[PDB]
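Below, each chain spelled out in residue letters.
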2 protein chains.
Amino acid sequence: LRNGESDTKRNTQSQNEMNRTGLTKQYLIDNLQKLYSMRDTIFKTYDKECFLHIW
Amino acid sequence: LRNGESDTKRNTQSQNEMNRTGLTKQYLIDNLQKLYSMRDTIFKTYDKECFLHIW
């Protein structure tokens, strides 16, 4: 006559960490056309208000 | 004559936790044009409702 007994305890602890980055640049001609007058638009507001307008 | 018996009890308790964080930064040239009148229109409503409009 043979008897027995068993017992187990498995305990796992884990940690993860993921750092994903990216950078996508799209070149379109439509952006160059809109680029043209960004700087010039600054001084249209200066000229309209601050300066004289008759020769 | 051989007789056998066998028992087993398992009990697994698990816990997860997942924290995600993202920051997608988009550069559109259109959003730069809309920057212009953002501060100026603050003082166009001041002018119309508080100051004299005749010289």
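What counts as what
- Residues numbered from 1 in each chain as written, not as in the entry; some residues may be left out.
- Chains lettered and ligands numbered in written order.
- Part of a larger assembly, values for the part shown.
- Heavy atoms only, no water.
- Helix = DSSP H or I, 4+ residues; strand = E, 2+ residues; numbered from the N terminus.
- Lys, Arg positive; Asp, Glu negative; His and termini not counted.
- Charge placed at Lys NZ, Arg CZ, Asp CG, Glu CD.
- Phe/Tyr/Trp six-rings, centres within 6.5 Å; stacked < 30°, edge-to-face > 60°.
- Buried < 20%, exposed > 50% of the residue type's maximum accessible area, 1.4 Å probe, protein only.
- Contact = heavy atoms within 4.5 Å.
- Buried area = accessible area lost by both parts, 1.4 Å probe.
- Salt bridge = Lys/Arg side-chain N within 4 Å of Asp/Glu carboxyl O.
- Polar contact = N/O pair within 3.5 Å; in protein donor to acceptor, adjacent residues only side chain to side chain.
- Nonpolar A, V, L, I, M, F, W, Y, C, P; charged D, E, K, R; others polar.

1. Concerning the overall build of chain A
- Each helix and strand in chain A was counted, giving two helices and zero strands.
- Summarising its shape, the C-alpha atoms of chain A cover approximately 120 × 30 × 10 Å along the three principal directions.
- Considering chain A, the positive charge centre built from 9 side chains and the negative charge centre built from 7 side chains are found 6 Å apart.

2. Observations concerning the packing of aromatic side chains
All names here are of chain B.
- Counting across every chain of the model gives two aromatic pairs over all chains.
- With 6.0 Å between their ring centres and 35 degrees between their planes, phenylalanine 43 and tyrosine 46 make a pair best called tilted. Taken together, the positions of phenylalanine 43 and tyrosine 46, both in helix α3 (residues 42–50) and three residues apart, correspond to about one turn of that helix.
- Judged by its relative accessible area of 48%, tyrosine 46 falls in the partly exposed class.

3. A word on the interface of chain B and chain A
- In this assembly, five residues from chain B lie in contact with six residues from chain A.
- Taken together, the two surfaces of chain B and chain A that pack against each other cover about 610 Å², and 61% of this comes from carbon and sulfur.
- Our count for the contact surface shared by chain B and chain A stands at one salt bridge.
- Here B:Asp30 ties to A:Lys34 by a salt bridge, and the two come within 1.9 Å at their closest N and O atoms.
- Viewed at the interface, chain A and chain B are joined by four residue pairs in polar contact.
- The biggest single contributor to the side of chain B that touches chain A is helix α1 (residues 29–33) of chain B, with four residues.
- Class assignment for the residues of the side of chain B that touches chain A results in three nonpolar, one polar and one charged.

4. Observations concerning the environment of A:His53
Residue and element names in this part refer to chain A.
- Position of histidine 53 relative to the elements: it lies in the segment after α2 (40–50).
- When its relative accessible area of 55% is taken as the criterion, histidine 53 is described as exposed.
- Sequence-distant contacts of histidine 53, defined by excluding residues within four places in its chain, comprise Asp47 and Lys48.
- Only 3.2 Å separates the side chain of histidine 53 from the backbone oxygen of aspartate 47, close enough to count as a polar contact.

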